[PDB]
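Enquirer: take this sequence and fold it.
(chains A, B, C, D, E, F, G, H and I, ligands or ions: 12)
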Amino acid sequence: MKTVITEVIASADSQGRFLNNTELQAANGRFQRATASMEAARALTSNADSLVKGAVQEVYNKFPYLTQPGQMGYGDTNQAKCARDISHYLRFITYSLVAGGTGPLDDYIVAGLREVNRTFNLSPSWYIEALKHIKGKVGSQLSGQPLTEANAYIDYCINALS
Amino acid sequence: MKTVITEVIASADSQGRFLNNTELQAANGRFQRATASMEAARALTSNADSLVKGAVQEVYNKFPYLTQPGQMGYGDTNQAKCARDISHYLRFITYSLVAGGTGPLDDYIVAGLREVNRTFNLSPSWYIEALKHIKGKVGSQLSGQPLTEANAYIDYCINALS
Amino acid sequence: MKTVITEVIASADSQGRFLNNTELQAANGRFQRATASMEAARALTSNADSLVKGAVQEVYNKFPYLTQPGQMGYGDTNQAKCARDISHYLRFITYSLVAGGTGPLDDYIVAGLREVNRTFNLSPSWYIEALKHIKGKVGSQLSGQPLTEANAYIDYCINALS
Amino acid sequence: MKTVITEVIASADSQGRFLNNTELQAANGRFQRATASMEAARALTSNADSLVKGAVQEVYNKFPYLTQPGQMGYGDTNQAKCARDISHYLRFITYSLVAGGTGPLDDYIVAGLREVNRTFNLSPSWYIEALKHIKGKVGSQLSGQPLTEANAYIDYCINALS
Amino acid sequence: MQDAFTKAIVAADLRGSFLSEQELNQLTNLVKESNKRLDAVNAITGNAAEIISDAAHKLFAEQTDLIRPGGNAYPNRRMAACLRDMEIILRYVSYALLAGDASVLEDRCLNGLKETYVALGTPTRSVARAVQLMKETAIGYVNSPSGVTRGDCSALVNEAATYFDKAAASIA
Amino acid sequence: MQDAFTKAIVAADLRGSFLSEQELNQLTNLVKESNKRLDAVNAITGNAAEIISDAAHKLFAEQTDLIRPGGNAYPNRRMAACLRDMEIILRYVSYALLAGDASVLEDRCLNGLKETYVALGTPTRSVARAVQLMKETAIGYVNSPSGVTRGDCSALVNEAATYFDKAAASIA
Amino acid sequence: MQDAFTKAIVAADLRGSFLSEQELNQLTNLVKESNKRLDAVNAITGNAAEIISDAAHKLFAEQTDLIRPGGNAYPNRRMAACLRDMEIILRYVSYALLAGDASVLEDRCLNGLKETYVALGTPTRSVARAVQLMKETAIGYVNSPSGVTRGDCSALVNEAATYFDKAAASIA
Amino acid sequence: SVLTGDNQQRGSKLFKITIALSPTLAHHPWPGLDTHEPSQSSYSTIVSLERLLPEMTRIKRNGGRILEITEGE
Amino acid sequence: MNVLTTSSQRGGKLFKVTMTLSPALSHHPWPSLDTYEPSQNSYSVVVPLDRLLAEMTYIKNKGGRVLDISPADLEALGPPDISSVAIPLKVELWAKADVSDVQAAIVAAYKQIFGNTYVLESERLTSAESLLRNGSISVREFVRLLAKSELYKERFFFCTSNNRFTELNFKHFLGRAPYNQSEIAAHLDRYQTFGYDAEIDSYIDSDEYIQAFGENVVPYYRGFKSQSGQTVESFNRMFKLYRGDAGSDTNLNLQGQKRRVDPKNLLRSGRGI
Ligand SMILES: *[C@H](C)[C@H]1/C(=C/c2[nH]c(/C=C3N=C(/C=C4\NC(=O)C(CC)=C4C)C(C)=C\3CCC(=O)O)c(CCC(=O)O)c2C)NC(=O)[C@@H]1C
Ligand SMILES: *[C@H](C)[C@H]1/C(=C/c2[nH]c(/C=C3N=C(/C=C4\NC(=O)C(CC)=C4C)C(C)=C\3CCC(=O)O)c(CCC(=O)O)c2C)NC(=O)[C@@H]1C
Ligand SMILES: *[C@H](C)[C@H]1/C(=C/c2[nH]c(/C=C3N=C(/C=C4\NC(=O)C(CC)=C4C)C(C)=C\3CCC(=O)O)c(CCC(=O)O)c2C)NC(=O)[C@@H]1C
Ligand SMILES: *[C@H](C)[C@H]1/C(=C/c2[nH]c(/C=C3N=C(/C=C4\NC(=O)C(CC)=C4C)C(C)=C\3CCC(=O)O)c(CCC(=O)O)c2C)NC(=O)[C@@H]1C
Ligand SMILES: *[C@H](C)[C@H]1/C(=C/c2[nH]c(/C=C3N=C(/C=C4\NC(=O)C(CC)=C4C)C(C)=C\3CCC(=O)O)c(CCC(=O)O)c2C)NC(=O)[C@@H]1C
Ligand SMILES: *[C@H](C)[C@H]1/C(=C/c2[nH]c(/C=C3N=C(/C=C4\NC(=O)C(CC)=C4C)C(C)=C\3CCC(=O)O)c(CCC(=O)O)c2C)NC(=O)[C@@H]1C
Ligand SMILES: *[C@H](C)[C@H]1/C(=C/c2[nH]c(/C=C3N=C(/C=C4\NC(=O)C(CC)=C4C)C(C)=C\3CCC(=O)O)c(CCC(=O)O)c2C)NC(=O)[C@@H]1C
Ligand SMILES: *[C@H](C)[C@H]1/C(=C/c2[nH]c(/C=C3N=C(/C=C4\NC(=O)C(CC)=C4C)C(C)=C\3CCC(=O)O)c(CCC(=O)O)c2C)NC(=O)[C@@H]1C
Ligand SMILES: *[C@H](C)[C@H]1/C(=C/c2[nH]c(/C=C3N=C(/C=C4\NC(=O)C(CC)=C4C)C(C)=C\3CCC(=O)O)c(CCC(=O)O)c2C)NC(=O)[C@@H]1C
Ligand SMILES: *[C@H](C)[C@H]1/C(=C/c2[nH]c(/C=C3N=C(/C=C4\NC(=O)C(CC)=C4C)C(C)=C\3CCC(=O)O)c(CCC(=O)O)c2C)NC(=O)[C@@H]1C
Ligand SMILES: *[C@H](C)[C@H]1/C(=C/c2[nH]c(/C=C3N=C(/C=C4\NC(=O)C(CC)=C4C)C(C)=C\3CCC(=O)O)c(CCC(=O)O)c2C)NC(=O)[C@@H]1C
Ligand SMILES: *[C@H](C)[C@H]1/C(=C/c2[nH]c(/C=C3N=C(/C=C4\NC(=O)C(CC)=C4C)C(C)=C\3CCC(=O)O)c(CCC(=O)O)c2C)NC(=O)[C@@H]1C
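Expert: Numbers count the residues shown, from 1 in each chain, chains lettered A, B, ... in the order given. Ligands and ions are numbered 1, 2, ... in the order given. For reference, the structure is listed below:
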């Protein structure tokens, strides 16, 4: 799993050398940032649910036809799944904030994203809206660096999805 | 040349991916530290000379026989060289403080150190004393993080020499 | 380009051996089949246009919202593209029938399919319908082996798209 | 272990070929030489001790300060070690004469020489003197080819040490 | 490799000298801008996908023939390459932007690129065009973000430009 | 790989849940110690060469036979290896110390080590001994540094110990 | 590799004899079926994507836990593998079907698979289940095509089954 | 081959794989028909999960079959 | 082209200059728009040092542009001797290899894997070497480790282009040079999605690697002798990729990392993509 700390270890390890000043400087960076990161996570974790409702909802407004019978958005099972999924995205994001790296995101969400989505005919677009809608809401509860961090990670997914 | 910034680029580049939040965190670390580092360099740069005199000198006290005729410490040419050399070590150290990485040290001083020293019969020991003596003096002009940084780099060489 | 003939040559060539009976048998297969294949191509080539119209159309019935303003199906440029694209699929299929291999399809259409589609947000689904609708029409103008051949190739794409 | 005999076998073996005239010629060379080599070994083996005493001693004359307290040459343990070590060098040399190759030397003495010496701060210089002093003494007890052989091996170490 | 700091070092080294006080003050101030610098990079990386997507659309609207049978972006396989390339160039540019130095970009990405295009028959001019199209879009984001403390980024913006342009030029 | 943070995550993941507030507070405080943590590491790395050198001397004073013909540390070639190994183990330990987690140490370094030693005929006992000798020397530095703000490092010191000990045990 | 023809040969070889007239008549008959045989294969390959897609849906509707955190099909990465595997097995089965021989399937694909699955903690039962789900869907197509000359494919259908089953068994 | 430490630098779960060796997989650089080594007719290697699929497929196409798979730890 | 004399009758170091010709620089004595002879799109002249400045200014003041300048002495030098690479030599690492044999392999591996390029004591990898010689790692696996190592990346992959890195790779991992534009294209795409490790993996994993020096044989130079499925031109490309003994792949030299094999030459052997 890719976090700042793991990477410097890895790099040190490859060359076969002790952790010298170079790497510690880097580590220090991760730790200083953490305070902001951690704050952001507390904020998302608390409002989770509400964010999720809002998102799922949005998607339907954006793509009305999904809710029509014979479509994917239709019938509760699907809605349940849709909810579940977004929850996940969120969950991971929090994780990544705390871990101080994209690692958690990469391994859970991103790796294999495409093929899963292809085989089950999930349109990336949907997810994206979810995220965007979220991003917008988060853009109220947070501010300054905490905010900035939240965005970074949220986006990271947008880019991976697209 | 290995600095924090170059490394993360390198790592990013190898994997073939954009610089994401992970790396920037690291970079940030380097920049925050710099203020201390830079301070230390200004301090060494100013007292350079005095540090050098003191060191060279020390070495002779530590190894009297060097100054006897037919030895290495003997005759001005050699003394001049001895001075020059230590100056270099210092010079590089400053560089490394500012560059925020061991890079400068590695490429100038360390790589090939052994063989040079072997072929010309320079005893690592000597250099080491020089450094130690220095470290001791620096341990007055500096304080707090600035100091800490200075040490790190000075040591890094001790270890490479030994 | 992968056709029966090219492959056996390739295989022969790798091993470093002359074309022996093994390969010729295979070649013979390709040539016997051709008569049916060729027939199929003449049939598609003639009705091309009509097939295309029908398909494009279908897609819109299947996905009404595409034709609404602010969507992809909307505004002539896009419609033109949509047409163009399907034409291509067809064109290639004919080619492949005649060449007696998937080769033409693979190299023009399939290779890079995913990424193109991702970057421009073309939904595979659409294409698929087009094809299916086609397949259904073709299932009238043709019969017996000629038909069978036509299908094979058409499908091959469906699978590649999905 | 590298001796003439082992090498030709090795080379023959690699190619997968019987020992032909080429190699035997080489072998013949060795074994012809042996008579001289063997003689040399008998001479060193006998005077061993005396050579060792003389050497150790020499080193101290050459580097008086070693015998001062707080140095390496000081206190019996160290002297004992110093003796032991030189014995070894000698021992191996004899071996190599008899084996008719550097093999024995390479594997015992030379491989890892540097790092050992670095980590324990043994100065190559010392050993060298030991050897030189030896070489000088040997230059009396022996003569002609026997001598020549003795030198070769002794030197081989000098070069490895330096 | 190289970057702003390392570079200044190297210069100093050949003179054989400790760093000039003047020279330190370059680096001192360079540090101060860091935060700005970072955000700039962050903006590109965050929007990457889009930047490209966008540029492409515009590239193909202009040079219709690229996407016509017999053109260089046809068929799919080729198109894919063209997209891939754009991305790469961008990726590097970003790297440079962080380093505060063209080098990385010049050595890894640009050097020898032009020749490849010509031998393949890929039209260098069009490539260059794409690079610019990218440039403009990218700056767009760098310069208009949300939730950042408002201030002056110009200095960075221009340096960004230059990188893009070195690219455009050497390819072209 | 793993480290303190990542680990907690993973646990949380299997439960399928957001991180408990309680759990955050572990990490929150872990951060606060960082500075201490870092200095600890810095101390080891700074003294590395010495730590080893020292330990070795003591190891060989005790087990004279290792350095006698027929022993395991003789001749030079072997000796060299033995030194190298010690160092490696140390290197890893440090890594762990920074991560705040044994894993890295266990997985890259300790895993299979015993068996190797066995196959070679290296006496595992002695190896373990060396590791301890190292431990004590290392702590020595961690705990007595220069220019560091005075305060309590115990917590870190003990964790350090544990790492050394996991090593000793699994080798032995 | 091996297949129906080659196999019979090999047997004959060890006896040291020309092929039995009886044995020829196996092969003679086998030829006659070819056309049927081919269409069967064609049907699978044509529907491949679907077969899988379908089976998967059903697999996950049944064993909900596989897709829950802590299950084996979670997270994405794993899911992907699981899909990929199913497909592979299918691919091989088809191969066999053409050859007229299990071998290829057994040797390249099935051999060692159980143990792998075990080591990973993949639940072999579920894998087997999937294979069957696939089987039924596949037969579905083989057995109900359009524009093929109507006749009896049973013989082939059963052989198909067997292949699927060998798979199911050896995995399970 | 017993792993002395995690062979691979890049990290994932590692699995020891024991294979019966075809002459092709490890041909000796010898004139005539190449012979795999007598001492090991059953090479055992340590592999990362990611590499595990490629390694097995390459083993498969070459004569030799997987004797056993064991998790490397 | 070949230059026949190193120096002018009056002492003077000749220098071969290569330009792209322009209609102004040379034109047919024909009616209608002036055309340079097509065959001389890239013209070459050998000029003494004295006239070099004037010659070059004139070329550039017309639409000419200078492709490259090179001393005549380096030019008009023998094509490198293939003596050492005609028969590579080959190293096998037996099981139960004694201390020396393991050393030889290691050296040989560093030689082939890194080019002549020198590896310093600090650069050298103890860990990887450690593993070899107590078993556990194949020669093949060591080779993978070296190409993974930063040392490798810093020289070959981080300085030059991915285009250059591919053929650089081909030569080190396989004696062969690259055949065809396709190989170069495939590797580039692999690198973009899978990344650096997967690309490195794909040469060692490839069957061509397995078929020759598959396991426990240090890679040797297959190119310079006739190989199956190898385009004839590849053999010529091997002379461009491999310049003499005591010629290396060096980031260090001025503009260190460039392409030995021109893109056009690759296109000749095969096109399609
Ligand atoms: C929401 C925007 C839309 C929606 C979603 C939806 N998803 C599925 C099925 C799956 N979705 C996922 C996604 C994940 N599962 C994971 O484990 C992870 C990583 C943590 C992700 C991102 C997966 C794997 C599936 C496949 C099977 C499964 O869910 O177990 C469906 C069902 C489609 C089907 O064919 O079964 C739906 C509908 N639901 C909506 O209403 C929106 C349109
Ligand atoms: C000082 C502790 C002792 C001393 C030094 C001394 N040095 C040399 C010769 C060399 N010194 C170096 C060192 C460096 N040169 C470099 O380029 C670098 C990196 C920037 C270093 C660290 C070198 C390379 C040489 C060899 C070549 C040269 O002449 O420069 C000597 C002369 C020995 C000789 O035979 O050349 C001496 C004496 N002088 C003393 O008296 C101290 C004991
Ligand atoms: C029809 C089902 C829908 C539709 C299609 C549409 N396509 C594009 C753009 C492209 N489509 C392709 C497809 C091909 N072009 C090729 O050369 C090949 C291989 C031979 C294929 C399969 C490509 C490559 C493009 C991208 C380049 C381009 O500009 O054409 C668009 C325009 C996308 C845009 O963002 O402008 C559209 C709309 N149009 C419809 O009405 C349907 C929804
Ligand atoms: C004699 C000129 C000086 C001296 C020697 C001395 N040696 C050591 C320690 C070691 N010496 C060796 C050398 C060898 N041991 C071997 O097995 C071989 C190869 C066969 C050699 C050449 C080694 C390995 C050591 C390390 C520990 C050990 O003694 O085994 C010392 C002790 C230094 C210390 O503090 O460790 C000394 C003093 N003694 C003198 O009086 C001269 C200066
Ligand atoms: C898109 C903006 C334009 C375009 C691009 C294009 N490129 C290729 C093929 C290749 N491009 C490269 C270039 C690179 N190699 C590197 O290492 C780097 C970074 C330093 C780059 C950017 C290479 C090597 C190839 C050949 C191999 C491959 O295709 O992967 C094509 C395909 C053409 C062909 O015949 O291969 C295209 C289309 N051309 C356009 O049409 C756009 C204007
Ligand atoms: C320039 C294109 C835009 C802009 C930038 C801007 N940023 C700041 C200040 C900060 N921005 C950051 C961002 C980071 N610092 C880090 O360590 C990282 C990596 C994790 C990032 C992304 C931070 C922390 C600061 C300091 C606090 C803050 O956000 O204000 C400023 C303020 C002035 C200055 O830094 O000197 C500015 C101006 N503003 C613009 O006009 C553009 C929108
Ligand atoms: C020193 C305290 C003791 C000692 C060490 C010693 N080790 C070897 C040989 C090896 N030791 C290792 C060590 C590692 N393998 C790994 O995977 C790791 C962790 C990642 C390590 C640290 C290995 C690989 C070997 C074998 C090959 C090698 O070159 O080291 C020896 C030499 C054994 C021989 O007979 O050649 C020795 C001596 N032995 C002692 O005497 C001390 C008690
Ligand atoms: C513990 C073994 C000993 C000890 C440690 C100690 N350190 C601090 C505080 C700091 N230590 C550092 C060091 C670094 N931070 C970095 O980013 C880097 C890498 C470049 C290093 C090396 C820093 C910056 C701090 C903060 C400022 C300061 O130095 O005080 C403390 C103070 C308490 C705290 O947690 O901050 C302590 C106690 N002190 C001892 O007495 C132990 C022997
Ligand atoms: C899906 C129906 C079920 C399932 C599959 C699943 N497999 C893995 C991982 C692997 N599965 C294989 C299988 C193969 N390797 C081969 O060589 C072949 C064909 C020759 C097969 C069939 C292998 C080797 C792996 C491990 C390495 C790899 O993925 O390439 C997983 C993930 C296991 C993990 O922890 O990574 C899964 C999920 N398991 C289920 O949950 C389904 C019931
Ligand atoms: C069996 C599952 C179903 C079925 C099969 C069936 N097929 C035929 C006859 C033929 N089918 C083919 C197919 C091919 N021959 C080829 O060379 C290729 C590859 C290019 C294919 C796809 C052919 C050529 C024939 C012969 C002519 C014809 O189809 O009319 C039969 C007829 C009996 C026979 O053995 O010829 C049958 C029964 N039909 C069903 O309804 C089954 C469910
Ligand atoms: C016309 C059908 C196509 C076309 C032609 C074209 N050619 C040029 C430029 C040159 N063409 C030549 C050709 C020759 N020079 C020779 O001496 C001979 C016979 C011995 C030939 C056939 C040359 C050498 C040039 C370049 C220098 C010159 O002008 O003589 C151009 C103009 C290129 C420019 O940018 O200058 C063109 C347009 N190109 C087309 O557009 C048509 C498809
Ligand atoms: C010393 C007398 C002068 C000098 C030498 C110098 N050489 C290099 C670099 C290399 N030189 C070689 C040499 C050889 N390669 C071979 O294989 C052989 C014969 C088999 C030889 C003699 C090579 C391969 C290199 C390149 C690889 C590398 O540099 O690592 C340098 C370093 C160049 C640099 O800028 O780093 C130097 C300094 N230069 C002097 O100053 C002396 C006049």
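
Enquirer: endpoints of stretch I:225-233, how far apart?
Expert: 12 Å (CA to CA, to the nearest Å).

Enquirer: I'd like the distance between residue I:121 and ligand 4.
Expert: Residue I:121 sits 19 Å away from ligand 4, taking CB to the nearest ligand atom, to the nearest Å as the criterion. For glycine as for every other residue, the C-beta is placed from the backbone atoms N, C-alpha and C.

Enquirer: which residue sits closest to that residue, ignoring its sequence neighbours?
Expert: residue B:114 (5.6 Å; CB to CB, 6 or more residues apart in numbering or on different chains).

Enquirer: can you tell me the SS state at the residue of chain E found nearest ligand 7?
Expert: Nearest residue of chain E to ligand 7, counting by CB to the nearest ligand atom: residue E:1, 29.3 Å away. Three-state call for residue E:1 (DSSP: H, G, I helix; E, B strand; the rest coil): coil.

Enquirer: that one reaches residue B:5, doesn't it?
Expert: No: taking CB atoms under 8 Å as the definition, residue E:1 is not a contact partner of residue B:5, at 9.3 Å.

Enquirer: tell me which of those two has more neighbours.
Expert: Legend: neighbour count by other CB atoms under 10 Å in any protein chain shown for residue E:1 and residue B:5, higher for residue B:5 (28 against 24).

Enquirer: which outside residues touch stretch I:106-124?
Expert: With contacts defined as CB atoms under 8 Å, 6 or more residues apart in numbering or on different chains, stretch I:106-124 is touched by B:110-115, I:91, I:129, I:132, I:139, I:142-143, I:146-147, I:151-152, I:155, I:172-173, I:218-221, I:245-250.

Enquirer: report the buried members of these.
Expert: Among these, the ones that count as buried by 16 or more other CB atoms under 10 Å in any protein chain shown are B:110-111, B:113-114, I:91, I:129, I:132, I:139, I:142-143, I:146-147, I:151-152, I:155, I:172-173, I:218-221, I:248-249.

Enquirer: I'd like the next helix or strand past the helix or strand harbouring residue A:60.
Expert: Residue A:60 is located in helix A:21-62, with elements delineated by DSSP states H and E. The C-terminal neighbour of helix A:21-62 among helices and strands, as given by DSSP H and E, is helix A:76-99.

Enquirer: identify the residue spatially nearest to residue E:169, adjacent ones excluded.
Expert: For residue E:169, ignoring the flanking residues on the chain, the nearest one in space by CB to CB, 6+ apart is residue E:128 at 7.7 Å.

Enquirer: hmm, the one you found is touching residue E:166, no?
Expert: No: counting by CB under 8 Å, residue E:128 stays clear of residue E:166, with 11.3 Å between them.

Enquirer: ok, the closest residue to residue I:95 other than its chain neighbours to residue I:135 distance?
Expert: In this structure, residue I:95 finds its nearest non-sequential neighbour in residue H:39, 4.7 Å apart by CB to CB, 6+ apart. Separation of residue H:39 from residue I:135 (CB to CB, to the nearest Å) stands at 11 Å.

Enquirer: ditto for residue I:129
Expert: Using CB to CB, which is the criterion applied here, residue I:129 is 13 Å from residue I:135.

Enquirer: same deal with residue E:3?
Expert: Counting by CB to CB, the gap from residue E:3 to residue I:135 is 43 Å.

Enquirer: quick one, phi/psi of residue I:97?
Expert: phi -70, psi 140 (degrees, to the nearest 10).

Enquirer: quick one, what contacts it?
Expert: I:105, I:133.

Enquirer: element containing the closest residue to residue H:47 other than its chain neighbours, please.
Expert: Distance criterion CB to CB, 6+ apart; nearest residue to residue H:47, sequence neighbours excluded, is residue H:55 at 5.1 Å. Take DSSP H and E as the rule and residue H:55 turns out to sit in helix H:49-61.

Enquirer: tell me the helix or strand right after that helix.
Expert: Past helix H:49-61, the next helix or strand by DSSP H and E is strand H:66-71.

Enquirer: parallel or antiparallel, list what pairs with that next one.
Expert: Here strand H:66-71 is paired, per DSSP bridges, with strand H:14-19 (antiparallel).

Enquirer: can you give me the buried ones in the partner strand?
Expert: Quick answer for strand H:14-19 (16+ other CB under 10 Å): H:14, H:15, H:16, H:17, H:19.

Enquirer: then stretch E:131-148?
Expert: Those would be E:131, E:132, E:133, E:134, E:135, E:137, E:138, E:139, E:141, E:142, E:145, E:148, for stretch E:131-148 by 16+ other CB under 10 Å.

Enquirer: just want the angle from the longest helix anywhere in chain E to helix B:76-99.
Expert: Criterion DSSP state H: the longest helix present in chain E is helix E:21-62. Helix E:21-62 runs at 50 degrees relative to helix B:76-99, counting by axes from the mean of the first three to the mean of the last three CA atoms, to 10 degrees.

Enquirer: ok now the next helix or strand after helix E:21-62, how far from the chain's centre?
Expert: Next along the chain after helix E:21-62, taking DSSP H and E as the criterion, comes helix E:76-99. Here helix E:76-99 shows a centroid-to-chain-centroid distance of 9 Å under the convention CA atoms, centre = their mean, to the nearest Å.

Enquirer: how about helix E:76-99, does it get close to chain A?
Expert: No: shown here: helix E:76-99 not in contact with chain A (CB under 8 Å from any CB of the partner chain), separated by at least 11.3 Å.

Enquirer: tell me the SS of the nearest residue to residue I:63 once chain neighbours are set aside?
Expert: By the measure of CB to CB, 6+ apart, the closest residue to residue I:63 outside its immediate chain neighbours is residue I:22, 3.9 Å from it. Classification of residue I:22 by three-state DSSP places it in coil.

Enquirer: tell me, how many residues neighbour residue I:22?
Expert: Using other CB under 10 Å, the number of residues around residue I:22 comes to 17.

Enquirer: can you check the one 10 residues further on too?
Expert: Here the number of neighbours of residue I:32 (other CB under 10 Å) works out to 6.

Enquirer: what's near enough to touch residue E:23?
Expert: By CB under 8 Å, 6+ apart, the residues touching residue E:23 are E:8, E:12.

Enquirer: how close does it get to residue E:9?
Expert: Distance from residue E:23 to residue E:9, by CB to CB: 10 Å.

Enquirer: who in the stretch 51-200 of chain I is up against ligand 7?
Expert: I:130, I:133, I:134 (CB under 6 Å from any ligand atom).

Enquirer: so which bits of stretch I:254-262 are buried?
Expert: Across stretch I:254-262, burial judged by 16+ other CB under 10 Å covers I:257, I:259, I:260, I:261.

Enquirer: need the contact list for the closest residue to ligand 5 within chain H.
Expert: Closest approach between chain H and ligand 5, counting by CB to the nearest ligand atom: residue H:54, at 21.9 Å. Applying CB under 8 Å, 6+ apart to residue H:54 gives the contacts I:201, I:205.

Enquirer: please apply the same query to residue A:38.
Expert: Contact analysis of residue A:38 by CB under 8 Å, 6+ apart lists A:97, A:98, F:24, F:27, F:28, F:31.

Enquirer: filter the residues you listed down to the buried ones and hand me the ChimeraX line.
Expert: Listed next is the ChimeraX selection for buried residues among the contacts of residue A:38, using 16+ other CB under 10 Å:
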select /A:97,98 /F:24,27,31
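
Enquirer: in chain H, which residue sits nearest chain A?
Expert: Chain H approaches chain A most closely through residue H:9 (5.6 Å), counting by CB to the nearest CB.

Enquirer: pretty sure that residue sits against residue I:146.
Expert: No: contact criterion CB under 8 Å: residue H:9 and residue I:146 do not qualify, at 11.2 Å.
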